[PDB]
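Visitor: Before I ask anything, here's the sequence and the deposited coordinates:
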Amino acid sequence: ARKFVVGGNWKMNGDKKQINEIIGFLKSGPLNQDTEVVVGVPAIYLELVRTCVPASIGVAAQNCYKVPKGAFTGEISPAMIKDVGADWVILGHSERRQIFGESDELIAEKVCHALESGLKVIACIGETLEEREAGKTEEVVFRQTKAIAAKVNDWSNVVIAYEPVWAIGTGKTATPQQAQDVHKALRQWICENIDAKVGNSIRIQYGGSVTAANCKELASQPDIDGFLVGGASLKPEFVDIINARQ
Amino acid sequence: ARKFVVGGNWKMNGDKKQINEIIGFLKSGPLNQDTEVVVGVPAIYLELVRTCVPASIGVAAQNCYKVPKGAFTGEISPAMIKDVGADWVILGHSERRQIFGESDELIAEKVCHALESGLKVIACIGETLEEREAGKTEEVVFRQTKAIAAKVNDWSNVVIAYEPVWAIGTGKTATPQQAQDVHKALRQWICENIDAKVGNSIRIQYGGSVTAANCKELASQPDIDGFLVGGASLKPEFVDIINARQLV
C-alpha cells in the first residue's frame, strides 16, 4: 500500500521563536505511526529546523536550483540542502510557477537534479480557474507532469502534490470528490504514460485547503495519499491533519 | 568622504567546509580598517556565517521579498534575515533581473521594505550588451535607479553597485575609464534628481570583474567607492581587493 504522506509547507513564515512553537507541536502532539511527515521551511532556517526535528520527520527546502553551484545569486542547490542535513525539497509550487514564473521545463530540470543529488522531492502541479473553466484541467496537469517525467527515470523518491489553484478566491474549496477525480485521472495518466507500477506506488498529495474539519474525508479518498498543507502547518491543527487516517 | 565599501557576493556557492576556509581568509588576512566589508551568502548559511564572521564585517542575504511574511513559497523576508542577525541584503542583482526576471519596480519595493526593516542594502543596476550597443546605458541605469528612488526616502543605508553586464561573453571587461564614466554619470543624475548631498555621499560600487590585478586602478577612479565582488570573493584574493586603497 501507499504510505500516507503529509507535508507542511510553511511558505514565507517563521522565526526562531515561532519555529520552537511549531516543532513543539510535532514533538508533543501524538503522531500517527503510519504517516510520513515532511516540513517545508525557509532556507535561512533549514539547518536549525533539521537539528530540532526528529530524524523520522523529513525537512524540506521550499525550492532549489538545477546545478550544484554557479553564478545564480539568490539560489541554493541540492548539495547545500544536503550539506545541512535536509533530505527533502518542494518544487514547482504554484506560487513559484505563477508569481515567480518558473516554467514546466525549469521545474523538471530542478526535480531531476534534486533526485540525482540525493533529495526526496515533492513536485507540485495544478490548474488555474481559467484553465479549469476552459475545461483544461487534465491538459494542464498532464503537461506539467509530462515535463517532469521527461527528465525523471526513477520516481521512488518522488511525491506529487496536486494544487487546486482554481479554488483560490472562489469562495469554496474543491470538494473531496473533485479532488479525488483529479488524483485518479493523474494516476491513470501515470500508469499509461510512465508505468503501471509507478502509478500504483506514487503518492499524490492533495494540495488544497486542508483543515481539521475536512482532512478525514479528504484522506479517505481512494487516490489521495496525503497533503501538502499550507497555513494549517503553522498551527497545532497540523497534528490533526497528520492523523487524518486515524 | 565616502567610506570604501567592498562586498563579496558568493552567489550560489559554498558549504560548511568551503565557508570555514573563506571565513579563514577574512579572519587571518590583514584587512584595512578603512574598508567597510560585506559578504553575501546563500540563505542556507546566513546564520552560520554571521556567527563565524567578525561583527565588523556585514553579512548579507543575496535576496529577499517585499513583505514580512506570506504565501510566497521559497522566499525569505528581511524579518527573517534580521532574526538570524544578518544586517545586509543584496537586491536587484543582474542575475535576478535577467535570469529570474525581477522587475525594476519589484526591486524598488524590496529595497524599500528591506530598508524599513532595518537592513542595509546593496542595490544593483546595470545595462546588457544589447542596451549598451543600442546607446541606452544611461537610459537603463537611470531608469532602474529612478524606480528605486520612487520608493526610498532615506539613502543612508543604501549602497548602489553598477554591473557592466554588457561585458560578459565579450572577451574583455569594462575598462576603468568606462566604469568611471558610468559611475560619474549616475552620481550626477542622483545629485540632480534626488539630492546634492545624497549624490555626494552615496557609495557606488563597481560590480564588474574585480581581481587583484585590476582592483587598484579601478579603486583609483574618482567615482568608484568600492566593489561588489563575484568569483574572487571565494578566494584569498578577496583580501587584496579589500585592500585596494592601501599604499603598502
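Guide: Good, I have the coordinates. Numbers count the residues shown, from 1 in each chain, chains lettered A, B, ... in the order given.
Visitor: beta partners of the closest residue to residue A:88 other than its chain neighbours?
Guide: Using Cβ to Cβ, 6 or more residues apart in numbering or on different chains and skipping the chain neighbours, the partner closest in space to residue A:88 is residue A:60 (3.4 Å). (C-beta placed from N, C-alpha, C; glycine too.) Bridge pairing for residue A:60 (DSSP bridges) gives the partners residue A:40, residue A:88.
Visitor: what's the first-to-last distance across stretch A:209-227?
Guide: Length of stretch A:209-227, first residue to last, Cα to Cα, to the nearest Å: 9 Å.
Visitor: Just the buried residues of it, please?
Guide: For stretch A:209-227, burial by neighbour count (16 or more other Cβ atoms under 10 Å in any protein chain shown) applies to A:209-212, A:214-215, A:218-219, A:221, A:223-227.
Visitor: just stretch A:237-244 next, same as before
Guide: For stretch A:237-244, a neighbour-count test (16+ other Cβ under 10 Å) marks A:237, A:238, A:239, A:240, A:241, A:242, A:243, A:244 as buried.
Visitor: what separates that stretch from the chain centre, distance-wise?
Guide: Relative to the centre of its chain, stretch A:237-244 is centred 16 Å away, using Cα atoms, centre = their mean, to the nearest Å.
Visitor: what does that stretch contact?
Guide: Applying Cβ atoms under 8 Å, 6 or more residues apart in numbering or on different chains, the external contacts of stretch A:237-244 come out as A:4, A:6, A:8, A:22, A:25-26, A:29-32, A:35, A:37, A:210-212, A:215-216, A:218-219, A:227, A:229, A:232.
Visitor: The buried residues of stretch A:209-227: which two are farthest apart?
Guide: Using Cβ to Cβ, the buried residues of stretch A:209-227 reach their maximum pairwise distance at A:212 and A:223, which is 21.9 Å.
Visitor: So residue A:90 lies in a strand, does it not?
Guide: Yes - read with DSSP: H, G, I helix; E, B strand; the rest coil, residue A:90 is one of the residues of a strand.
Visitor: does chain B sit close to stretch A:173-193?
Guide: No - counting by Cβ under 8 Å from any Cβ of the partner chain, chain B is not contacted by stretch A:173-193; separation bottoms out at 15.2 Å.
Visitor: Buried residues in that stretch, which are they?
Guide: For stretch A:173-193, by 16+ other Cβ under 10 Å, it's A:173-174, A:176, A:178-183, A:186-187, A:189-190.
Visitor: So residue A:90 is in contact with residue A:62, correct?
Guide: Yes - applying Cβ atoms under 8 Å, one finds residue A:90 in contact with residue A:62, separated by 5.2 Å.
Visitor: what do those two both touch?
Guide: Residues within reach of residue A:90 and of residue A:62 at once, by Cβ under 8 Å, 6+ apart, are A:9, A:40, B:73, B:74.
Visitor: next one: phi and psi at the first one?
Guide: With angles defined as degrees, to the nearest 10, residue A:9 sits at phi -90, psi 100.
Visitor: okay, which residue is most central for chain A?
Guide: Of all residues in chain A, the one closest to the mean position by Cα atoms, centre = their mean is residue A:122, 4.1 Å from it.
Visitor: Neighbouring strands - and their directions - for the helix or strand harbouring that residue?
Guide: Taking DSSP states H and E as the definition, residue A:122 sits inside strand A:120-125. Partners of strand A:120-125 in the sheet, by DSSP bridges, are strand A:88-91 (parallel), strand A:158-162 (parallel).
Visitor: Which SSE is immediately downstream of the longest one?
Guide: Tracing the chain past strand A:158-162, the next element assigned as helix or strand by DSSP H and E is helix A:176-193.
Visitor: what angle sits between that following helix and strand A:120-125?
Guide: For helix A:176-193 against strand A:120-125, the angle between stretch directions is 110 degrees (axes from the mean of the first three to the mean of the last three Cα atoms, to 10 degrees).
Visitor: Now do helix A:176-193: which elements does it pack against?
Guide: Judged by 3 or more Cβ pairs under 8 Å, 6 or more residues apart in numbering or on different chains; DSSP states H and E, the packing partners of helix A:176-193 are helix A:137-151, strand A:158-162, helix A:196-201, strand A:203-206, helix A:215-219.
Visitor: how close does the residue of chain A most remote from its centre sit to chain B?
Guide: Computed with Cα atoms, centre = their mean, the residue of chain A farthest from its C-alpha average is residue A:71, at 27.5 Å. Distance, residue A:71 to chain B, using Cβ to the nearest Cβ, to the nearest Å: 5 Å.
Visitor: what does residue A:17 give?
Guide: 9 Å.
Visitor: And the contacts of the helix or strand encompassing that residue?
Guide: Under the criterion of DSSP H and E, residue A:17 resides in helix A:16-28. For helix A:16-28, contacts defined as Cβ under 8 Å, 6+ apart pick out A:10, A:14, A:37, A:39, A:41, A:45, A:48-49, A:52-54, A:57, A:233-236, A:238-239, B:83-84.
Visitor: buried residues in it?
Guide: Buried, per 16+ other Cβ under 10 Å, within helix A:16-28: A:19, A:22, A:23, A:25, A:26.
Visitor: and what of stretch A:3-16?
Guide: Neighbour-count burial for stretch A:3-16 flags A:4, A:5, A:6, A:7, A:8, A:9, A:10, A:11, A:12, A:13, A:14, A:15 (criterion: 16+ other Cβ under 10 Å).
Visitor: Tell me which residues touch the nearest residue to residue A:177 once chain neighbours are set aside, please.
Guide: Leaving aside its sequence neighbours, residue A:177 sits nearest to residue A:221 (Cβ to Cβ, 6+ apart; 7.7 Å). Residue A:221 sits next to A:176, A:177, A:179, A:180, A:183, A:206 when contact means Cβ under 8 Å, 6+ apart.
Visitor: Residue A:77 too?
Guide: Here residue A:77 is in contact with A:64, A:65, A:67, A:68, A:69, A:113, A:117, B:12 (criterion: Cβ under 8 Å, 6+ apart).
Visitor: okay, now the third one: neighbour count?
Guide: The burial count assigned to residue A:67 is 17, neighbours taken as other Cβ atoms under 10 Å in any protein chain shown.
Visitor: what do you get for the fifth one?
Guide: With neighbours defined by other Cβ under 10 Å, the count for residue A:69 comes to 20.
Visitor: looking at it, it is touching residue A:79, isn't it?
Guide: Yes - here residue A:69 reaches residue A:79: they are 7.1 Å apart, a contact under Cβ under 8 Å.
Visitor: which residues touch the regular element (helix or strand) spanning residue A:37?
Guide: Here residue A:37, judged by DSSP H and E, is contained in strand A:35-41. Residues outside strand A:35-41 that contact it (Cβ under 8 Å, 6+ apart) are A:3-11, A:14, A:19, A:22, A:26, A:31, A:49, A:53, A:56-62, A:88, A:90, A:120, A:122, A:226, A:233, A:242-243, A:245, B:73.
Visitor: and it, how far out from the chain's middle?
Guide: That offset, for strand A:35-41, works out to 9 Å (Cα atoms, centre = their mean).
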